[PDB]
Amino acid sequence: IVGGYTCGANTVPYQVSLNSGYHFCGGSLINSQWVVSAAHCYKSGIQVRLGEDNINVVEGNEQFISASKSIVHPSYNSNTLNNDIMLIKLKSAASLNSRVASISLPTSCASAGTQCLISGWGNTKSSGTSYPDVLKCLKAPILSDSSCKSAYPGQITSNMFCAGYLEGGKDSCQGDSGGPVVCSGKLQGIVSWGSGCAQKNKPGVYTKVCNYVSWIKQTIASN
């Protein structure tokens, strides 16, 4: 997260870290057994870390749970990033508490202008070495379809939206992928991609979660 603020320990209780020997992506807990992340965050043998704040120090509220299943959307395209969503099943159920909690799925899509919370342990500079210990946060609005499509000619599919600031300065960045964009208490986005981080005219691009509610429910029901 570039241009953001320190969240505060466990203030984003649905935020998880995906760890394969090091933190590489975020995710969002949607029930005691399932995490939503990005398809491009797929690895075999993922360990989900919940209740984390400082990912490099044991602080006492963490739960480490291995993924038993990591299910990429069947139509995910790794060049265009269309359908950039993945469901991870936990080997055992997380113990829900004030610091480890699920976030609701949307019942419809959010309109442009809606304010959201974006979070993660991604780079806190647009380039160079600035990977944080503690969770960082950003408030950012959903941008219009026309703004998004003009910023990224030919690159925006029906399954993507832009959020952030056309003036730049505030954005998600490398290490934030797969993490939450939450608006009015619903999980509306997944950190996906961008051209750089926090550059003018190049806002972050996010997976449109509202398009996948049926698929999420069906996958959870059959796995």
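For clarity, a rigid core is taken as the largest C-alpha set superposing within 1.5 Å between two forms. The first residue of the sequence shown is number 1, and the count goes up from there.
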Should one compare 100-108 and 129-137 by root mean square Cα distance from the shown form in 8 other deposited structures of this protein, core superposed, the larger belongs to 129-137
Per the record, averaged over C-alpha atoms, which has the higher B-factor: 22-30 or 63-71? 63-71
Should the higher mean CA B-factor in the entry be assigned to 118-126 or to 95-103? 95-103
Tell me which of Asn159, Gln188, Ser177, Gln47 tops the list for C-alpha B factor in the record. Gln47
Going by the CA temperature factor in the entry, name the top one among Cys109, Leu143, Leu138, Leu135. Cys109
When the modelled residues of the chain are sorted by Cα temperature factor, does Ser37 land in the lowest, middle or highest third? lowest
Sorting by Cα B-factor within the chain, modelled residues only, which third would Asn10 end up in: lowest, middle or highest? highest
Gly194, C-alpha B-factor rank within chain (lowest, middle or highest third): lowest
Quick check for you: using the entry's CA B-factors within this chain, is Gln155 in the lowest, middle or highest third? middle
Can you tell me which third, lowest, middle or highest, the CA B-factor of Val57 falls into for its chain? highest
